[PDB]
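This document opens with one chain alone, in structure tokens, the form deposited in one PDB entry.
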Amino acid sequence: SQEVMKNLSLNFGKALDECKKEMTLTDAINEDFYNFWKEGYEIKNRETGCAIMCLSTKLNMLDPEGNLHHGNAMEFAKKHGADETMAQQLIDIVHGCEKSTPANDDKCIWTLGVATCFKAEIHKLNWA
């Protein structure tokens, strides 16, 4: 289902401008979020990584552990209209990159990769 998925990404990217002012993030992340659904775009602004992570915080997707509130991530999905196997898929992929995807200590870099693997799955699922 793409219909709801647009709403998820939409309502995810609400608090972005707050995070921009907070963390000094450039306008160049609008571009990533606008062109994210291209057929061979590659995401190399580390700031989009950190913007995503700030949005994830603001949408309350972090447990006390910092290992993703997969619990609340599923609420977000069903809250926006998501199917069951859908909401499970987004967690299984996300949970399935939060550690599998290597990065440095750089949590911006980290979350950038977690989004970038996950993106490709959304393409395979034809959710774009």
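Numbering starts at 1 and follows the sequence shown.
Beyond what is shown, the protein has a form deposited with a small molecule bound; the following relates to that form.
### Query
Does the small molecule get within 4.5 angstroms of any non-hydrogen atom of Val94 in the entry with it bound?
Taking the distances in the entry with it bound, the answer for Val94 is yes, it comes within 4.5 Å of the small molecule.
### Residue contact check: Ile52 to the small molecule in the entry with it bound, 4.5 Å heavy atom
Result yes; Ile52 sits at the interface with the small molecule in the entry with it bound.
### Message
Quick check on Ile29: any heavy atom within 4.5 Å of the small molecule in the entry with it bound?
### Response
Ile29: no, not in contact with the small molecule in the entry with it bound.
### Query
Does any heavy atom of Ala103 come within 4.5 Å of a heavy atom of the small molecule in the entry with it bound?
Looking in the entry with it bound, residue contacts with the small molecule do not include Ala103, since no heavy atom lies within 4.5 Å.
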